[PDB]
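Comments concern the structure below.
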């Protein structure tokens, strides 16, 4: 499916952002936050983790 | 049935587990860790975030 190629991209974006956060980048902005579909939900979860890490150190 | 239907399930599982961690479930087990494809990579990053939380509070 040629359409599948477009779907694969946002997954790479969320993965790359998550790596930046875990390595100690508490300022990294997570993308796809405003999405309402399954991808938007996954983005929101990554943001929630970022908040905990900041508060954990703050 | 539709092969594409299987794709949605791991996404819901990963999102749900991430929510569990963020709410204060530091011992939550992240799923699909054994996968090496894009889904497995996303699972790995979530495991990193969970560890940082446990380290941050330690």
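Check whether at least one residue in segment A:25-42 is over 20 Å from residue B:24 (Cα atoms), within 12 Å of the chain's Cα centre (by Cα) and at the interface with chain B (Cβ under 7 Å from one of its Cβ atoms), and report yes or no.
Checking segment A:25-42: not a single residue is over 20 Å from residue B:24 (Cα atoms), within 12 Å of the chain's Cα centre (by Cα) and at the interface with chain B (Cβ under 7 Å from one of its Cβ atoms).
Every residue in segment B:1-34 that is closer than 17 Å to residue A:4 by Cβ and surrounded by 13 or more Cβ atoms within 10 Å (Cβ to Cβ), please.
Those that are closer than 17 Å to residue A:4 by Cβ and surrounded by 13 or more Cβ atoms within 10 Å (Cβ to Cβ): B:7, B:10, B:11.
All of the numbers you see were taken from the coordinates with simple rules; none came from a lab. We place every Cβ from the backbone using ideal geometry, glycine too, and count neighbours over all the protein chains shown.
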